[PDB]
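Reading through the structure tokens given below for one structure.
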Amino acid sequence: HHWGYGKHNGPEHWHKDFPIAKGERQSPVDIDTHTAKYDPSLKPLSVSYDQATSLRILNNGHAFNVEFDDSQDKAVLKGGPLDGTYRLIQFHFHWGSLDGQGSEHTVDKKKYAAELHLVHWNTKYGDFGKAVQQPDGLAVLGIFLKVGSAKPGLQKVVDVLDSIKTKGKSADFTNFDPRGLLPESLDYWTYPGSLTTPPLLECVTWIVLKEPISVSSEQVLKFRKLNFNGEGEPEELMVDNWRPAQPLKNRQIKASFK
Ligand SMILES: [O-]
Ligand SMILES: [Zn+2]
């Protein structure tokens, strides 16, 4: 009886094994654009992904992760609200069973069809495992997806999903360039928060971009063909792998833009 996204093991259950689920700095949240404070002291983000090395894609039973080589400062995030250098380790998505839901973060209560998370860790801590135990250990870049025109730079990801349909399957996935997933503008909201899956540790500086990317109906359809289950087990489609919005409690969301 492991955690997941079903009726009997889904987000409203997670607190029984992970009491931090009801913590003071849980994610995701609803971003209220009229209550977010413009902070002109925030710098622009610095995304240097030109030397990124992707290695592998895998279905871990809750999403698919594309993993990068994080043994050196090859794909890093700096600037914005961050002090120091944060290395890219993986990206993944959250999506819905229908186009009107899927995202974790909401914007004035609007849900998007999916949400991309580019996960980075603070190099001062040495490794990812040590970083998740610190309040400033991780920086996650969140990007909304809406259904419209195709995103060319995502097609390489959608084409391999057939080969990692079930839990535990992996495939080599080299020379993928994550710059093809970024919107034009890098304006953002930022707030202190948490991982949105167990162990739900409160180690994340969230950077959520204002501008969504567009993907095609056919592209996100291909995400919905993946499976939560392992081979030979009963088929359960990997859909609605998102956590609902949590209480903002005593936090302020800041915007890099007015
Ligand atoms: O996440
Ligand atoms: Zn995520």
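Read-outs throughout are calculated quantities, based only on the coordinates presented, and are distinct from any laboratory measurement. Counting neighbours? That spans all protein chains shown, and the Cβs are built from the backbone with ideal geometry, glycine included.
Numbers below:
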read-out	value
Among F228, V160, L195 the positive-end extreme of the charge dipole of the chain (Cβ point charges)	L195
Whole-number percent relative contact order across the chain, with pairs defined as alpha carbons under 8 Å at least 6 apart	27 percent
Extent along principal axes [Cα atoms of the chain; Å; largest to smallest]	53, 41, 38
Histogram of C-alpha separations across the stretch 168-258, 10 Å bin width, %	11, 27, 39, 19, 3, 0
